[PDB]
Amino acid sequence: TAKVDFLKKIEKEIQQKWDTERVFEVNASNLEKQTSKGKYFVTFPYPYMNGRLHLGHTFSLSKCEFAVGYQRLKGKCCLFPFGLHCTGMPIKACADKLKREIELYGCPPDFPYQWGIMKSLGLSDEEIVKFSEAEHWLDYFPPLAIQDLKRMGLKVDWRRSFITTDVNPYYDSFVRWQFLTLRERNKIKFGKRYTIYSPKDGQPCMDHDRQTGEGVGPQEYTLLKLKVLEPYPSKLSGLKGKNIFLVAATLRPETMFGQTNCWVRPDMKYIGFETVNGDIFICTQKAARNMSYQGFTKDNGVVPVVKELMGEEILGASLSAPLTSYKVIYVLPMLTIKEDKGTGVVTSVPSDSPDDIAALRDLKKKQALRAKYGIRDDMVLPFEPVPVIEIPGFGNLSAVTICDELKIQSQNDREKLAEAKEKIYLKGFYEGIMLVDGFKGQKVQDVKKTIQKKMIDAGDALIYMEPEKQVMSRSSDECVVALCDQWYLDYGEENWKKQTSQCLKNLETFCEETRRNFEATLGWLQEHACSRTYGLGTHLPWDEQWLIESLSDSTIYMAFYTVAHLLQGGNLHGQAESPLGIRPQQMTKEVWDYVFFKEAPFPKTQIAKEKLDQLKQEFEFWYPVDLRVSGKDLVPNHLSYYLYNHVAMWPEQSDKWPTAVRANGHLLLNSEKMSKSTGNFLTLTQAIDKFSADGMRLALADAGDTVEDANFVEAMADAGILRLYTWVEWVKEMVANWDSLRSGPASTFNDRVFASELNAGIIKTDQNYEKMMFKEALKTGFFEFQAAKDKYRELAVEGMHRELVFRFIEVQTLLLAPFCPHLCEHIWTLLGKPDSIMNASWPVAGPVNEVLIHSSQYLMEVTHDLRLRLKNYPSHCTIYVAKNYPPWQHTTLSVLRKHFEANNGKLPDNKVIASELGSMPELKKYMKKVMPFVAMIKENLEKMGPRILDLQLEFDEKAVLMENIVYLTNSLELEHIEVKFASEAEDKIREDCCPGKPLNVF
Ligand SMILES: CC(C)C[C@H](N)C(=O)O
Ligand SMILES: CC(C)C[C@H](N)C(=O)O
């Protein structure tokens, strides 16, 4: 267990060496004169300071942190800067729940959590409360973040970090410029528009301030008024005097000629209220409150409630329903009503919505429904479905003529009502044909929008907006609002959308689906609700009631990095003396136009011209964004707005558009999800404490590198630190016993197989590092290097040669330094090599002879082969490697070799087999082991290439064992393992065994 500590000491040792050495401060005036290879720029989606950083952030980043700890050891520059989001509410949210959960209850509260994990963080109770105002959140968290990274030891120029609210006056200048530019280009606009909106927040709550439904929007429905005729039912008494209409939502309004009644759920609570113009509306409150914030009531947002009840009390009185050849229809119960979607009412469209015929039919069957709630001689019976839409497989009575053949007679078939409403679903959007007196033959799709708008002008119908599913901001469930005010951003452009689809067809998607989620969300993304009024953030330049919502003031932010060290040099809040000496007051809109837009004129400035070209040079050298990477949940929203924008201010400049991004899955701790709510979670500061960040870094590079859910498992970060500590002591020990390593040359065989393994490994390792799939590059360069170093200490019984033993620890201590820098710098220094290790390069992959490795992956095959047939039955073993080409085996290879060397990469008949393998007196009683093993050539030949046919088989098998048996006495744990030629075999294994399947009997 001291293993964890030993690392933990030298990690902070080599850190306070690195940091006092200032190793990562990549400047662009001193490292641009050196014409080296080309830059490498790695940017992270800067997390909020709404709380200590978590593994889900560390894995979301480790893909880049390693990347640069490698792409530097290939000679490329490495600007890995790091931002710090403070905009957006989510800070104003957890501590506002702190400010009112400390308000109405004692300090701390009494019950029968939100405060309790600000004290389960540990703070002596007093400190915890200064949190409820936002400004102490932002004086305290950007520290804990940067300390946990200094301690993770990440390759990050310090002087380029910051804060993103108005707190930091400098970035604010950067945000203000962006928007004065983005307003100049008629990319912003003002309007009164529908948006997901937090009642209780006072602003349209859209994307990164939600609990449910990151990618969710308004759904539109038509709403119908349903004149309720007297006799009203019992509870409606007092309101004699006003026009009352039941309100429901259908999405096939072409169908409403098919109205035959009106459905509500007898045991749902219903509300009725008066609009602004003064008539009476009965929906649920989710519906009511939704209408309200949509200007539907007198004062925007208020529900003028007049009475309450449940549908029980409603069933009965006739509803006169517009557009239907049944004007005196009634309200009937439908207990299967989705109790959230819609109004709490639905329509009765029996001829194109099967539930309804099920609904109708049951009321017609049992008198245990036929008088159920006020159901007279007329109620359900003479109502029959309405032929309005014919669909050319089945009938005008479509939704019936389908469930009267799939026989959904019972109304309790809700799975089989998943059957039903999927039937007349959308096919009935085109094949369905309107038949009414006025559209006979018209396509239901080209008249959909007309029949609906005919019903608005007739004052019979209006238009309803509802949450597609549900949201929780952090609290009160949200709503489409007719927001009477919102500055918003125009992602609905025709031009800008197309030039940006092209910014995507350029930018590199690390996979084949990520692009599909960028198409499907771009061809989906309309204009955006980008202005908050309460929370935290920066204020709009010209209308300062408005603050900027998070997901938009965080889009071009990457260029501040390029100049941050000089526009701030370390004070995140932006109050220390900015290194170059710019007054935050002296960064006019056009001196950004200068520093960023290349051709844009040198402005009349009261700062001399030195710093002006120097901050632009920084920019001009560092940009573009090479590779950014974050979780797969900022694919539809933030990374997206991050593509539009980077076009929007350089719509001309092709070069600076982000060129490559990367998204992973979420992370799992021990194969299960990571929500504090579970107990399966670790803040970065503790993963480190427990596992020696190098040890952690390990389990992350093994987290999986794919976009599908990448898992992190505690144990393997433990076994991590162990194979690490056995290494260091081995490397310690193998430099003590220098006097133990062979003189002369490195000439023996075991030597050369390890030595070509070694270089086989360095390149294998190289190929996956180039391709940033860190797990598979882990496997190649660490697991495969241990086993092959073990196994060449295994078979060098005359001593491991030192000049192979040393160039091997060089390469590994290197190969591994991107994964685990301090421990490698320790080793590299341990060797008494001079410079810090980050001043090393990519080691030279020497000359490789893979026919040597062929043998290596042949013995690992049999190593893996006989580990198997020992399960049944067990100590000794003699292994017959068959003697030679039998007169029936040589010949197979011989004749097939003949055809092959004459047929251009395609092989003959599968019954040509029979005529050729059959018609051979050489094959008179052994074709039954040439035809079952003429599939030994069409099964395992792609396995290697043109190998098992080219007769001579470039290595003696008998003897690449008889050498391995020491390691193979291990790895099979037997005692002795001899090998006979199948010359002294039982002849059931001489004249049977295929070289490549060596047979073996205990
Ligand atoms: C730039 C931001 C939208 C990033 C996001 N808030 C995160 O925690 O990763
Ligand atoms: C989906 C529902 C709200 C409306 C649909 N026209 C129906 O069959 O009832």
# chains A, B, ... in the order shown; residues from 1 in each chain; ligands from 1
call {"tool": "residues_around", "arguments": {"residues": "residue 242 in chain A", "least_positions_apart": "6", "cutoff": "9 Å", "atoms": "only C-alpha atoms", "output": "ChimeraX atom specification"}}
result
/A:278-280
call {"tool": "write_last_selection", "arguments": {"atoms": "N, CA, C and O atoms", "output": "PDB file, in the first residue's frame"}}
result
ATOM      1  N   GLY A 278     -62.082  36.703 -22.897  1.00  0.00           N
ATOM      2  CA  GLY A 278     -63.198  36.500 -21.985  1.00  0.00           C
ATOM      3  C   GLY A 278     -64.159  35.341 -22.190  1.00  0.00           C
ATOM      4  O   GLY A 278     -65.377  35.503 -22.047  1.00  0.00           O
ATOM      5  N   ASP A 279     -63.627  34.172 -22.531  1.00  0.00           N
ATOM      6  CA  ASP A 279     -64.386  32.930 -22.639  1.00  0.00           C
ATOM      7  C   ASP A 279     -63.670  31.883 -21.799  1.00  0.00           C
ATOM      8  O   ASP A 279     -62.553  32.103 -21.320  1.00  0.00           O
ATOM      9  N   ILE A 280     -64.311  30.733 -21.609  1.00  0.00           N
ATOM     10  CA  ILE A 280     -63.955  29.812 -20.531  1.00  0.00           C
ATOM     11  C   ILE A 280     -63.291  28.552 -21.083  1.00  0.00           C
ATOM     12  O   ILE A 280     -63.848  27.845 -21.938  1.00  0.00           O
TER      13      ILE A 280
END
call {"tool": "residues_around", "arguments": {"residues": "residue 489 in chain A", "least_positions_apart": "4", "cutoff": "7 Å", "atoms": "only C-alpha atoms", "output": "list in words"}}
result
residues 187, 188, 189, 527, 528, 529 and 530 of chain A
call {"tool": "write_last_selection", "arguments": {"atoms": "N, CA, C and O atoms", "output": "PDB file, in the first residue's frame"}}
result
ATOM      1  N   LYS A 187     -26.392  38.645 -37.741  1.00  0.00           N
ATOM      2  CA  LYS A 187     -26.502  37.299 -37.206  1.00  0.00           C
ATOM      3  C   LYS A 187     -27.307  37.250 -35.906  1.00  0.00           C
ATOM      4  O   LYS A 187     -27.762  36.171 -35.522  1.00  0.00           O
ATOM      5  N   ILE A 188     -27.509  38.380 -35.227  1.00  0.00           N
ATOM      6  CA  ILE A 188     -28.449  38.459 -34.112  1.00  0.00           C
ATOM      7  C   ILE A 188     -29.745  39.095 -34.605  1.00  0.00           C
ATOM      8  O   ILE A 188     -29.781  39.788 -35.632  1.00  0.00           O
ATOM      9  N   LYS A 189     -30.828  38.862 -33.857  1.00  0.00           N
ATOM     10  CA  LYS A 189     -32.098  39.528 -34.122  1.00  0.00           C
ATOM     11  C   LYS A 189     -32.920  39.595 -32.832  1.00  0.00           C
ATOM     12  O   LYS A 189     -32.597  38.955 -31.826  1.00  0.00           O
ATOM     13  N   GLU A 527     -33.425  28.996 -34.655  1.00  0.00           N
ATOM     14  CA  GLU A 527     -32.859  30.106 -33.893  1.00  0.00           C
ATOM     15  C   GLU A 527     -32.961  29.840 -32.384  1.00  0.00           C
ATOM     16  O   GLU A 527     -33.790  29.048 -31.918  1.00  0.00           O
ATOM     17  N   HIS A 528     -32.099  30.504 -31.610  1.00  0.00           N
ATOM     18  CA  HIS A 528     -31.843  30.099 -30.230  1.00  0.00           C
ATOM     19  C   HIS A 528     -32.117  31.242 -29.255  1.00  0.00           C
ATOM     20  O   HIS A 528     -31.889  32.417 -29.560  1.00  0.00           O
ATOM     21  N   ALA A 529     -32.564  30.876 -28.055  1.00  0.00           N
ATOM     22  CA  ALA A 529     -32.981  31.842 -27.037  1.00  0.00           C
ATOM     23  C   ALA A 529     -31.808  32.173 -26.112  1.00  0.00           C
ATOM     24  O   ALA A 529     -31.645  31.590 -25.036  1.00  0.00           O
ATOM     25  N   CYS A 530     -31.042  33.198 -26.490  1.00  0.00           N
ATOM     26  CA  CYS A 530     -29.682  33.373 -25.990  1.00  0.00           C
ATOM     27  C   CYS A 530     -29.513  34.431 -24.904  1.00  0.00           C
ATOM     28  O   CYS A 530     -28.378  34.669 -24.475  1.00  0.00           O
TER      29      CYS A 530
END
call {"tool": "atom_distance", "arguments": {"atom1": "CA of residue 559 in chain A", "atom2": "CA of residue 625 in chain A"}}
result
8.8 Å
call {"tool": "residues_around", "arguments": {"residues": "range 724-728 of chain A", "least_positions_apart": "3", "cutoff": "9 Å", "atoms": "only C-alpha atoms", "output": "list in words"}}
result
residues 3, 4, 6, 7, 695, 719, 720, 721, 731, 732, 733, 786, 823 and 827 of chain A
call {"tool": "atom_distance", "arguments": {"atom1": "CA of residue 263 in chain A", "atom2": "CA of residue 331 in chain A"}}
result
5.8 Å
call {"tool": "residues_around", "arguments": {"residues": "residue 169 in chain A", "least_positions_apart": "6", "cutoff": "10 Å", "atoms": "only C-alpha atoms", "output": "NGL selection string"}}
result
:A and (163 or 175 or 538 or 568 or 572-575 or 584-585)
call {"tool": "residues_around", "arguments": {"residues": "range 457-467 of chain A", "least_positions_apart": "4", "cutoff": "10 Å", "atoms": "only C-alpha atoms", "output": "PyMOL selection string"}}
result
chain A and resi 194-197+216-227+245+247-249+286-287+290-291+294+296+321-323+340-343+452-453+471+477-482
call {"tool": "residues_near_ligand", "arguments": {"ligand": "ligand 1", "cutoff": "10 Å", "atoms": "only C-alpha atoms and all ligand atoms", "output": "number ranges by chain"}}
result
A: 44-51, 53-54, 56-57, 60-61, 83-88, 90, 164, 207-209, 550-555, 557, 629-631, 633-634, 637-639, 641-642
call {"tool": "write_last_selection", "arguments": {"atoms": "N, CA and C atoms", "output": "short mmCIF file (atom, residue, chain, number, x, y, z; two decimals), in the first residue's frame"}}
result
data_model
loop_
_atom_site.label_atom_id
_atom_site.label_comp_id
_atom_site.auth_asym_id
_atom_site.auth_seq_id
_atom_site.Cartn_x
_atom_site.Cartn_y
_atom_site.Cartn_z
N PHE A 44 -10.32 22.35 -24.30
CA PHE A 44 -11.30 21.56 -23.57
C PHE A 44 -12.56 22.39 -23.37
N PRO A 45 -13.75 21.75 -23.38
CA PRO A 45 -14.98 22.45 -22.98
C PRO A 45 -14.99 22.79 -21.51
N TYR A 46 -14.53 24.01 -21.21
CA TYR A 46 -14.23 24.45 -19.86
C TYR A 46 -15.42 24.25 -18.93
N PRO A 47 -15.26 23.50 -17.84
CA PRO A 47 -16.42 23.10 -17.06
C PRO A 47 -16.84 24.25 -16.18
N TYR A 48 -18.03 24.14 -15.60
CA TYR A 48 -18.43 25.20 -14.71
C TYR A 48 -17.58 25.14 -13.46
N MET A 49 -17.64 26.20 -12.67
CA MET A 49 -17.20 26.09 -11.29
C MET A 49 -18.38 25.83 -10.37
N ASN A 50 -19.37 25.11 -10.85
CA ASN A 50 -20.47 24.77 -9.96
C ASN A 50 -20.11 23.66 -9.01
N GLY A 51 -18.84 23.33 -8.88
CA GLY A 51 -18.45 22.25 -8.00
C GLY A 51 -17.19 21.57 -8.47
N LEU A 53 -14.25 19.18 -9.61
CA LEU A 53 -14.21 18.46 -10.88
C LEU A 53 -14.32 16.96 -10.67
N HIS A 54 -14.91 16.28 -11.65
CA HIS A 54 -15.22 14.87 -11.50
C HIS A 54 -14.56 14.01 -12.58
N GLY A 56 -15.86 12.16 -14.80
CA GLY A 56 -16.49 12.38 -16.10
C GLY A 56 -15.91 13.54 -16.88
N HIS A 57 -15.26 14.49 -16.17
CA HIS A 57 -14.47 15.52 -16.82
C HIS A 57 -13.06 15.05 -17.13
N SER A 60 -13.23 12.85 -20.04
CA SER A 60 -13.55 13.70 -21.19
C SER A 60 -12.33 14.47 -21.68
N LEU A 61 -11.32 14.64 -20.82
CA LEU A 61 -10.11 15.38 -21.19
C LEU A 61 -8.90 14.50 -21.41
N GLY A 83 -9.71 26.77 -19.81
CA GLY A 83 -10.64 27.79 -19.38
C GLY A 83 -11.50 27.37 -18.20
N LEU A 84 -12.35 28.30 -17.76
CA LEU A 84 -13.09 28.11 -16.51
C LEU A 84 -14.43 28.84 -16.57
N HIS A 85 -15.49 28.09 -16.87
CA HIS A 85 -16.82 28.66 -17.07
C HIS A 85 -17.45 29.13 -15.77
N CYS A 86 -17.87 30.39 -15.74
CA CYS A 86 -18.69 30.89 -14.65
C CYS A 86 -20.02 31.48 -15.10
N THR A 87 -20.26 31.61 -16.40
CA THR A 87 -21.53 32.12 -16.88
C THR A 87 -22.61 31.10 -16.59
N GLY A 88 -23.83 31.38 -17.04
CA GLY A 88 -24.94 30.47 -16.85
C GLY A 88 -25.48 30.51 -15.44
N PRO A 90 -26.20 27.70 -13.44
CA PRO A 90 -26.02 26.58 -12.49
C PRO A 90 -25.24 26.88 -11.21
N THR A 164 -15.29 33.85 -16.77
CA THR A 164 -16.11 34.11 -17.93
C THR A 164 -17.40 34.88 -17.65
N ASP A 207 -30.87 25.11 -22.46
CA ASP A 207 -30.07 23.89 -22.66
C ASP A 207 -29.22 23.49 -21.47
N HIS A 208 -28.28 24.34 -21.05
CA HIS A 208 -27.38 23.98 -19.95
C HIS A 208 -27.84 24.57 -18.63
N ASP A 209 -29.14 24.55 -18.40
CA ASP A 209 -29.64 24.85 -17.07
C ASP A 209 -30.84 23.97 -16.76
N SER A 550 -25.25 30.79 -20.81
CA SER A 550 -23.98 30.08 -20.89
C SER A 550 -23.69 29.60 -22.31
N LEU A 551 -24.62 28.82 -22.88
CA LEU A 551 -24.30 28.16 -24.15
C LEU A 551 -24.07 29.08 -25.29
N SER A 552 -23.94 30.37 -25.07
CA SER A 552 -23.57 31.20 -26.19
C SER A 552 -22.35 32.08 -25.92
N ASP A 553 -22.08 32.48 -24.67
CA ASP A 553 -20.88 33.28 -24.42
C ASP A 553 -19.62 32.45 -24.36
N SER A 554 -19.70 31.19 -24.78
CA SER A 554 -18.66 30.16 -24.66
C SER A 554 -18.44 29.47 -25.99
N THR A 555 -18.30 30.26 -27.04
CA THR A 555 -18.24 29.68 -28.37
C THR A 555 -16.96 30.05 -29.10
N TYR A 557 -14.60 31.31 -27.54
CA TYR A 557 -13.75 31.71 -26.42
C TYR A 557 -12.31 31.27 -26.60
N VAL A 629 -12.22 18.30 -27.37
CA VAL A 629 -12.89 17.05 -27.05
C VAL A 629 -13.69 17.16 -25.77
N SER A 630 -14.91 16.64 -25.80
CA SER A 630 -15.75 16.57 -24.61
C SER A 630 -16.81 15.50 -24.78
N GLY A 631 -17.68 15.40 -23.76
CA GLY A 631 -18.68 14.35 -23.70
C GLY A 631 -19.66 14.41 -24.85
N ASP A 633 -22.60 14.59 -24.91
CA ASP A 633 -23.81 15.36 -24.65
C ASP A 633 -23.65 16.83 -24.97
N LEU A 634 -22.47 17.25 -25.34
CA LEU A 634 -22.31 18.56 -25.91
C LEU A 634 -22.17 18.46 -27.40
N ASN A 637 -25.54 20.46 -28.70
CA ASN A 637 -25.71 21.86 -28.32
C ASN A 637 -24.42 22.67 -28.32
N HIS A 638 -23.46 22.41 -27.44
CA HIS A 638 -22.39 23.40 -27.33
C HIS A 638 -21.40 23.27 -28.46
N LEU A 639 -20.88 22.07 -28.70
CA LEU A 639 -19.94 21.93 -29.81
C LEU A 639 -20.58 22.47 -31.08
N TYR A 641 -23.08 25.09 -31.49
CA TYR A 641 -22.96 26.56 -31.49
C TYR A 641 -21.51 26.99 -31.58
N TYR A 642 -20.58 26.10 -31.25
CA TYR A 642 -19.16 26.35 -31.41
C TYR A 642 -18.72 26.25 -32.87
#
call {"tool": "closest_atom_pairs", "arguments": {"of": "chain A", "to": "ligand 2", "cutoff": "7 Å", "atoms": "only C-alpha atoms and all ligand atoms", "output": "JSON lines"}}
result
{"residue": "A:249", "atom": "CA", "partner": "ligand 2", "partner_atom_place_in_ligand_line": "3 (C)", "distance": 5.4}
{"residue": "A:250", "atom": "CA", "partner": "ligand 2", "partner_atom_place_in_ligand_line": "4 (C)", "distance": 3.8}
{"residue": "A:251", "atom": "CA", "partner": "ligand 2", "partner_atom_place_in_ligand_line": "6 (N)", "distance": 4.9}
{"residue": "A:252", "atom": "CA", "partner": "ligand 2", "partner_atom_place_in_ligand_line": "6 (N)", "distance": 4.7}
{"residue": "A:342", "atom": "CA", "partner": "ligand 2", "partner_atom_place_in_ligand_line": "3 (C)", "distance": 6.1}
{"residue": "A:346", "atom": "CA", "partner": "ligand 2", "partner_atom_place_in_ligand_line": "9 (O)", "distance": 5.7}
{"residue": "A:347", "atom": "CA", "partner": "ligand 2", "partner_atom_place_in_ligand_line": "9 (O)", "distance": 5.3}
{"residue": "A:348", "atom": "CA", "partner": "ligand 2", "partner_atom_place_in_ligand_line": "9 (O)", "distance": 6.5}
{"residue": "A:349", "atom": "CA", "partner": "ligand 2", "partner_atom_place_in_ligand_line": "8 (O)", "distance": 6.2}
{"residue": "A:352", "atom": "CA", "partner": "ligand 2", "partner_atom_place_in_ligand_line": "8 (O)", "distance": 6.9}
{"residue": "A:353", "atom": "CA", "partner": "ligand 2", "partner_atom_place_in_ligand_line": "8 (O)", "distance": 4.3}
call {"tool": "write_last_selection", "arguments": {"atoms": "C-alpha atoms", "output": "PDB file, in the first residue's frame"}}
result
ATOM      1  CA  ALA A 249     -55.170  18.961 -28.982  1.00  0.00           C
ATOM      2  CA  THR A 250     -55.121  16.788 -32.071  1.00  0.00           C
ATOM      3  CA  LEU A 251     -52.196  16.670 -34.461  1.00  0.00           C
ATOM      4  CA  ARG A 252     -54.223  15.280 -37.352  1.00  0.00           C
ATOM      5  CA  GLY A 342     -51.855  17.454 -24.246  1.00  0.00           C
ATOM      6  CA  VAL A 346     -58.262  14.483 -26.415  1.00  0.00           C
ATOM      7  CA  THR A 347     -60.387  14.184 -29.513  1.00  0.00           C
ATOM      8  CA  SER A 348     -62.531  11.176 -30.599  1.00  0.00           C
ATOM      9  CA  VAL A 349     -61.351  10.495 -34.139  1.00  0.00           C
ATOM     10  CA  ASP A 352     -58.113   7.307 -38.048  1.00  0.00           C
ATOM     11  CA  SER A 353     -57.076   6.633 -34.411  1.00  0.00           C
TER      12      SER A 353
END
call {"tool": "residues_around", "arguments": {"residues": "residue 811 in chain A", "least_positions_apart": "4", "cutoff": "7 Å", "atoms": "only C-alpha atoms", "output": "mmCIF file with C-alpha atoms, in the first residue's frame"}}
result
data_model
loop_
_atom_site.group_PDB
_atom_site.id
_atom_site.type_symbol
_atom_site.label_atom_id
_atom_site.label_comp_id
_atom_site.auth_asym_id
_atom_site.auth_seq_id
_atom_site.Cartn_x
_atom_site.Cartn_y
_atom_site.Cartn_z
ATOM 1 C CA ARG A 807 17.480 0.506 -25.189
ATOM 2 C CA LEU A 815 6.351 5.072 -24.634
ATOM 3 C CA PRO A 843 12.530 6.946 -30.066
#
call {"tool": "closest_residue", "arguments": {"among": "A:63, A:448, A:822, A:611", "to": "residue 692 in chain A", "atoms": "only C-alpha atoms"}}
result
A:822
call {"tool": "residues_around", "arguments": {"residues": "residue 398 in chain A", "least_positions_apart": "6", "cutoff": "10 Å", "atoms": "only C-alpha atoms", "output": "MDAnalysis selection string"}}
result
chainID A and resid 350:354 385 387:392 404 423:424 428 432
call {"tool": "select_by_dssp", "arguments": {"residues": "range 528-751 of chain A", "states": "alpha helix (DSSP H)", "output": "JSON, numbers by chain"}}
result
{"A": [550, 551, 552, 553, 558, 559, 560, 561, 562, 563, 564, 565, 566, 567, 589, 590, 591, 592, 593, 594, 595, 596, 609, 610, 611, 612, 613, 614, 615, 616, 617, 618, 619, 620, 621, 622, 638, 639, 640, 641, 642, 643, 644, 645, 646, 647, 648, 684, 685, 686, 687, 688, 689, 690, 691, 694, 695, 696, 697, 698, 699, 700, 701, 714, 715, 716, 717, 718, 719, 720, 721, 722, 723, 724, 725, 726, 727, 728, 729, 730, 731, 732, 733, 734, 735, 736, 749, 750, 751]}
call {"tool": "atom_distance", "arguments": {"atom1": "CA of residue 411 in chain A", "atom2": "CA of residue 381 in chain A"}}
result
17.0 Å
call {"tool": "closest_residue", "arguments": {"among": "A:617, A:894, A:586, A:659", "to": "residue 507 in chain A", "atoms": "only C-alpha atoms"}}
result
A:659
call {"tool": "closest_residue", "arguments": {"among": "A:591, A:504, A:753, A:851", "to": "residue 654 in chain A", "atoms": "only C-alpha atoms"}}
result
A:504
call {"tool": "closest_atom_pairs", "arguments": {"of": "range 112-230 of chain A", "to": "range 672-683 of chain A", "cutoff": "12 Å", "atoms": "only C-alpha atoms", "output": "Markdown table"}}
result
| residue | atom | partner | partner_atom | distance |
| --- | --- | --- | --- | --- |
| A:113 | CA | A:677 | CA | 9.2 |
| A:114 | CA | A:677 | CA | 11.6 |
| A:117 | CA | A:676 | CA | 10.0 |
| A:121 | CA | A:683 | CA | 10.9 |
| A:144 | CA | A:683 | CA | 11.2 |
| A:145 | CA | A:683 | CA | 10.7 |
| A:148 | CA | A:683 | CA | 9.9 |
call {"tool": "closest_residue", "arguments": {"among": "A:490, A:254, A:384, A:850", "to": "residue 356 in chain A", "atoms": "only C-alpha atoms"}}
result
A:384
